[PDB]
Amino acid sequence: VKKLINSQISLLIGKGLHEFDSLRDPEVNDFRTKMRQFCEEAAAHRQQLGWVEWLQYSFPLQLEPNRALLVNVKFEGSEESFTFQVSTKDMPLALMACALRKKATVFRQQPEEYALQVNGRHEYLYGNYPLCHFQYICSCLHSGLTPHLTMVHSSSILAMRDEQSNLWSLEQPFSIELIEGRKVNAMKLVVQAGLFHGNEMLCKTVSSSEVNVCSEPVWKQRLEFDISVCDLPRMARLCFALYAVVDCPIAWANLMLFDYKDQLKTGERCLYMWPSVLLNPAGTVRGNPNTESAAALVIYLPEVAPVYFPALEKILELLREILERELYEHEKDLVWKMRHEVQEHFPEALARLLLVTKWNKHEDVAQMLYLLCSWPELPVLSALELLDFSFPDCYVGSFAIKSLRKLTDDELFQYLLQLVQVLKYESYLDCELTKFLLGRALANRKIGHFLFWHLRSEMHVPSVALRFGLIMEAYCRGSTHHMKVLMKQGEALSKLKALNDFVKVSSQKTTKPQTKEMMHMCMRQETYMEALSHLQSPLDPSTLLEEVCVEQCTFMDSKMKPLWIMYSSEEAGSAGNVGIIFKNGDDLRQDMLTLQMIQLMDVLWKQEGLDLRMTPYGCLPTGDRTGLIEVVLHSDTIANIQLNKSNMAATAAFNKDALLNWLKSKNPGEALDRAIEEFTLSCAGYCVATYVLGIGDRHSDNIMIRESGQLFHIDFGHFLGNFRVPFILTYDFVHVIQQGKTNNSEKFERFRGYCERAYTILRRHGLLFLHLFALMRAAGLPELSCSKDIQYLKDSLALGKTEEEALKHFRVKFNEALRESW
């Protein structure tokens, strides 16, 4: 059985556990040891949780950032239900007392024993919050549906919990021996090295002699460095580039100069190199695993007598403000002199001072650290900054995790994406960020859910395979039940990948009706119906994907021929009628990120009382150029609506009418105004989000509308202006805002306000978006690479100007956009 588990993990994580031993690497060993233990202690705790505490682990609350409503409640072991009238202000408990009072009458005769389930979902309503505060009641009110819930008893939830059981001496210059290499090229070879502490180098770089592009090369030279050894900061990273010349790059490689156990390194090292596009401090510090086909440099670290980085005990012994909101040489000096007054009077300026400290003078690091040890904790926003590669020092990083523990789960969920990329910044395997992420992930099943997919989705990337594999194993050890649930998911994705391949081939030999019919047959096979049914949606674990409606599944006509898969649930009703789209052949990362940034805007907007009726649909990469998109139902592209067909509700005299005629046929009588309002509001959000993010190549095929009026965008392969992308106002939306009328500045100008509010709200959190993109640089995304891309955001938010100017500027942009509307 111990064998079984091991083998299911191997299958889950897409790499086999045997490959971890094979390496004969004790760092991997220790990581595997320490992390298993830690994780197992987390599951121990979980099986003693109170029933309510268990619910908070497994089904965390889905909350919003007087008036009457109708609710259906029912009990578990019965089909009989009651419909109570209540107030949106009422707590869940009030409902639960109704229900039981009704039960005790029809059945002829204790609220807190209970939680309410959303029917057909992994979703529960509990806590002291007005019904209307829950996303589910909230949502129910817009669409006009009546919430449906089930009284679940404490014994029934405990039954669930149950089921789920498992030093200063050395003053001479630093040097290595460059010895030999083993690749091929066209013309002379040369090497280049520099000692880096993150971005900043710690001395001028040095070089090789010229060696003809021959071998198999052999240098046997001490490369000597412009820095004394006793100065090397703890996170000294030594970086090599190998290229050729008469500039043509070939390979790079980095290593940490101390091992993971603080011991400085000697003697000889063989270096398996990574392929080129010249010196790459940001690259990983682990060798290329394709040792067969890769160039391997050999070097010799010269045993300097063991030696350890000194323990913290030892380190403990050993016109200001105007600039303080990129500073000159002297400006830096003042800051450093004032460092105690910075700690005492401006603790939030920690970062600007870290960047002034002299990472290549050991004495100064010792003093900086000495301050950091009594530095007050910082706001979440400031902590997010300290995580950047600009702050390699492990003592700073630890302080940043410390400051970040106060992240709520919802906040944590919000920035999870970037915290995983940051892992790519880590120099060793056992690190503060990992324990944190795994700890928080073992405390919340939703966090656990997404950490795992973020990790699984990158197992094809050689530079991260081992790091991520090791983490997913650890999670598994501390959550056997959840591992079974995710295999269920991966098994489904496995089938879609085979089904999607069939469809690509098929669709090149035959007609779309013919191919759809074969898909349906292939899906009807026992192995498929079994693998595609009765799972949690990898896009949102609280969504249950029950029986797949084969007759309703099909495929899109785009290049990669993505799949459209529908699902139903008798137990959830019309709420269990959800759909997912499988796509294989494209990078979904960029789209995912884009979608997370919109969702965040909507959060920030909502927090200031502005609801722009956004449609933040799920989009989740799962594997190599594979992942999942959420089906938004009851929607159609602008392009389709505008085909202006015959024998349709919507055919007018003028192509400009069609889209409004469409809103009309979906919304009879009085209800047309609501839809125009939902259209106007969402239209403003998308105009701002696309403008702020530099998204372009909007056109009527990749914009959609829901029957409610809500407009939203799909298919984002381009942001940050990577084809200055102008703000866009499309004439036919403008026509819808203006309720069909030629002139209507009352409706058109309310629309401008929506835009200006939305825009100015995001400037207030400009720095949260700058920090988040700074951390996304670790993703390797082609369109998020250098400083020019972040500048793009600097300029779109006018984050350097006062709010008078930015708003004035924005107003010129919007006007310009109007000119372009006919």
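Under this definition, the rigid core comprises the largest set of C-alpha atoms superposing within 1.5 Å between the forms. Start at 1 and count along the sequence shown; that's the residue number.
Participant: After a rigid core fit, does 516-524 or 555-563 show more C-alpha displacement in 8 other deposited structures of this protein?
Facilitator: This comes out as 555-563, the stretch further from the shown form in 8 other deposited structures of this protein.
Participant: Once the rigid core is matched, which of the two stretches, 177-185 or 292-300, lies farther off on average in 8 other deposited structures of this protein by C-alpha?
Facilitator: If we average over structures and residues in 8 other deposited structures of this protein, the farther stretch is 177-185.
Participant: Between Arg325 and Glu326, count the deposited residues left without coordinates and pick a bin: none, 1 to 3, 4 to 9, 10 or more.
Facilitator: Missing in between: 4 to 9 residues.
Participant: How many missing residues of the deposited sequence lie between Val277 and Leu278 in the entry, grouped as none, 1 to 3, 4 to 9, or 10 or more?
Facilitator: Count of unmodelled residues in between: 4 to 9.
Participant: Decide which of the stretches 451-459 and 572-580 has the higher mean C-alpha B-factor, going by the entry.
Facilitator: According to the entry, 572-580 carries the higher average C-alpha B-factor.
Participant: Report the stretch with the higher mean CA temperature factor, choosing between 773-781 and 38-46 on the basis of the entry.
Facilitator: Higher mean C-alpha B-factor: 773-781.
Participant: Have a look at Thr357, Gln263, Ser398, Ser143 and flag the one whose Cα has the highest B-factor in the entry.
Facilitator: In this record, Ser143 carries the highest C-alpha B-factor of the candidates.
Participant: Pick out which of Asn661, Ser558, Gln738, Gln414 has the highest C-alpha B-factor in the PDB entry.
Facilitator: Highest C-alpha B-factor among the listed residues goes to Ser558.
Participant: Taking the values exactly as deposited, rank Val420 by C-alpha B-factor within its chain and report the matching third: lowest, middle or highest.
Facilitator: Answer is lowest: the recorded C-alpha B-factor places it there.
Participant: Going by what the PDB entry lists, where does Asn444 fall on CA B-factor within its chain: lowest, middle or highest third?
Facilitator: CA B-factor rank for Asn444: lowest third.
Participant: Ranked by Cα temperature factor within the chain, is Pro379 in the lowest third, the middle third or the highest third?
Facilitator: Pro379: CA B-factor falls in the lowest third of its chain.
Participant: For the chain shown, is the CA B-factor of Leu768 in the lowest, middle or highest third of its modelled residues?
Facilitator: Lowest third, going by the recorded CA B-factors of the chain.
Participant: Of the three thirds of its chain by CA temperature factor, lowest, middle or highest, which one includes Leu55?
Facilitator: Within its chain, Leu55 is a middle-third residue by C-alpha B-factor, going by the deposited values.
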